[PDB]
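For reference, the chain that follows is the form deposited in one PDB entry, supplied as structure tokens.
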């Protein structure tokens, strides 16, 4: 069918997830401007940093375990990771928590790639997560107001 990049929501999701997985593995934030999203992607990134770091801690045992069952060490292990992610994520009811758990797992998988000197595989991994998310949940994401709705859903307020 059509290229994913033909879809503005796909491109915007790819940029947010790629920026997220990268800074989680590198430990350094990207200063250059977002091409897509803009101020919306900038807000989504702030929320994803806050919420994401908490989900990685509360899902640590499950994450480390799933990493072992898939035993990632090379590029071809990312090819079999996608088909696992697709089946598990398509199963049942979608919610922002399940979506933020999927992105959190990828940040975990990217941290693992940074230690085993496979940083080149971060970009195709971010593409794989985006593929899973936007290709199975597009209509739900659009109804939920996309990345604007993700920020609205997880908003809390100080102090």
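Whichever C-alpha set is largest while still superposing within 1.5 Å between the two forms counts as the rigid core. Positions refer to the first chain, counted from 1.
The same protein also exists as the form deposited with a small molecule bound; that form is not shown, yet it is the one meant from here on.
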9, 20 and 44: each with a heavy atom within 4.5 Å of the small molecule in the entry with it bound?
-> no
So in the entry with it bound, does residue 121 come within 4.5 Å of the small molecule, heavy atom to heavy atom?
-> no
Partner proximity in the entry with it bound: residue 34 to the small molecule, non-hydrogen atom cutoff 4.5 Å = no
Does residue 134 make contact with the small molecule in the entry with it bound, using a 4.5 Å heavy atom cut-off?
-> no
In the entry with it bound, does residue 129 have a heavy atom within 4.5 Å of the small molecule?
-> yes
In a superposition on the rigid core, which residue from 53, 127, 30, 119 has a CA displacement reaching 2 Å or more between this form and the one not shown?
-> 30
